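Colleague:
Residue numbers (PDB author numbering): 27 to 57, 59 to 238, 240 to 252, 254 to 290.
(1) Round the Cβ separation of residue 105 and residue 172 to the nearest angstrom and send it over; I've been treating them as touching at under 8 Å.
(2) If you run the structure through DSSP and keep just helix, strand and coil, what is residue 128?
(3) Which residue wins for smallest C-alpha separation from residue 205, given the options 191, 215, 218?
(4) So which of 232, 209, 210 has the shortest CA-CA distance to residue 220?
(5) Based on Cα-Cα distance, which residue from 138, 126, 199, 133 lies nearest to residue 93?
(6) Could you give the residue range of the alpha helix (DSSP H) that holds residue 247?
(7) Threshold first: 4 residues or longer. Then list the alpha helix (DSSP H) segments lying entirely within the segment 64–143, N to C.
(8) Measure the Cβ-Cβ separation of residue 40 and residue 222 and say whether it is below 9 Å.
(9) Which term fits residue 65, buried or exposed, when burial requires 16 or more other beta carbons within 10 angstroms of its beta carbon?
(10) Got a sec, what are the start and stop residues for the alpha helix (DSSP H) residue 285 sits in?
(11) So, using beta-carbon positions, are residue 265 and residue 235 closer together than 9 Å?
(12) Which first and last residues belong to the alpha helix (DSSP H) in which residue 192 is found?
(13) Would residue 164 and residue 178 qualify as a contact pair, given that the criterion is a beta-carbon distance under 9 Å?
(14) Leaving out five residues on either side along the sequence, give the residues of the same chain with a beta carbon under 6 Å from the beta carbon of residue 37.
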């Protein structure tokens, strides 16, 4: 059973649509499965919003520490960090950290608002050469993940390419790139996803995503102990609106494509 056959087998039993894109930076070789198909990004889109602010900070040395007032009215459906700061302030850096490491939805909306709206995040993605990514809505509606809906979607390959450029490539200035990597490595929400399918000692940075239609996503940068980094995007979605998320499928896909490394 080839890697491709294993992925097809995994999808067949999953009850959903699997999208995988792995880039081996050792030789730029790739393992693709429905890598050109669109999937709702859900919270994985937070990486683009945080990175957009990091790009701005390259020309504004006071941006990351800029105060942002948190009001009760700002709270949406999931605000683990933001709710702790109502009536107070959070810096843009702290909002980036909350959005990425805890998937705080209020934090994401604050980043989008600062940038000027969802379309500004799309423009940033385009500036990075990503012609696929599109952010159309704010939290929490960007998570509807309706089959066939182009809003707030991208493809596994496009996201893998951009994540590579953002964390290991040409997208950000060094200090900003390092900050994004630090945030990703400190994520607290991905234990059961890609990380679960890899050797426990491998260093990993990732951003998970989840939404309606049992949409379960994760994008990660992986640092093996004796090999060049791997960039992996695992997207998964189902036909019924209230389907349960399946992080186990992402872990299984990760194990399949990282075999040998």
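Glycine included, every Cβ here is placed at the ideal spot set by N, Cα and C.
Modeller: Put simply:
(1) Locating residue 105 in the chain shown gives position 78, counting from the first residue. Locating residue 172 in the chain shown gives position 145, counting from the first residue. That belief does not hold up - the Cβ atoms of residue 105 and residue 172 are roughly 15 Å apart, past 8 Å.
(2) Within the chain shown, residue 128 is the residue found at index 101, counting from 1. It is helical.
(3) As a position in the chain shown, residue 205 is number 178, starting the count at 1. Nearest option by C-alpha distance: 191.
(4) As a first step, residue 220 is located in the chain shown; it is residue number 193 there, counting from the start. Answer by Cα proximity: 232.
(5) As a first step, residue 93 is located in the chain shown; it is residue number 66 there, counting from the start. Nearest of 138, 126, 199, 133 to residue 93, Cα basis: 138.
(6) Your numbering for residue 247 matches position 219 in the chain shown. Counting along the chain, residue 247 falls outside any alpha helix (DSSP H), though it belongs to the beta strand (DSSP E) covering 244–251.
(7) 73–84, 119–128, 132–142
(8) Here residue 40 refers to the residue found at position 14 of the chain shown. Here residue 222 refers to the residue found at position 195 of the chain shown. Not in contact: residue 40 and residue 222 (Cβ atoms no closer than 9 Å).
(9) Here the question's residue 65 lines up with position 38 in the chain shown. Buried, because 16 or more other Cβ atoms sit within 10 Å of the Cβ of residue 65.
(10) For this step, residue 285 is matched to residue 256 along the chain shown. Segment 276–286, the alpha helix (DSSP H) holding residue 285.
(11) Position 236 of the chain shown holds residue 265. Position 208 of the chain shown holds residue 235. No, these two residues do not count as a Cβ contact at 9 Å.
(12) Here residue 192 refers to the residue found at position 165 when the chain shown is read from its first residue. Segment 183–194, the alpha helix (DSSP H) holding residue 192.
(13) Counting from 1 along the chain shown, the entry for residue 164 is found at position 137. Counting from 1 along the chain shown, the entry for residue 178 is found at position 151. Residue 164 is a Cβ neighbour of residue 178, given a cutoff of 9 Å.
(14) To locate residue 37, count along the chain shown from 1; it is residue 11. So the list reads 44, once near-sequence residues are dropped.
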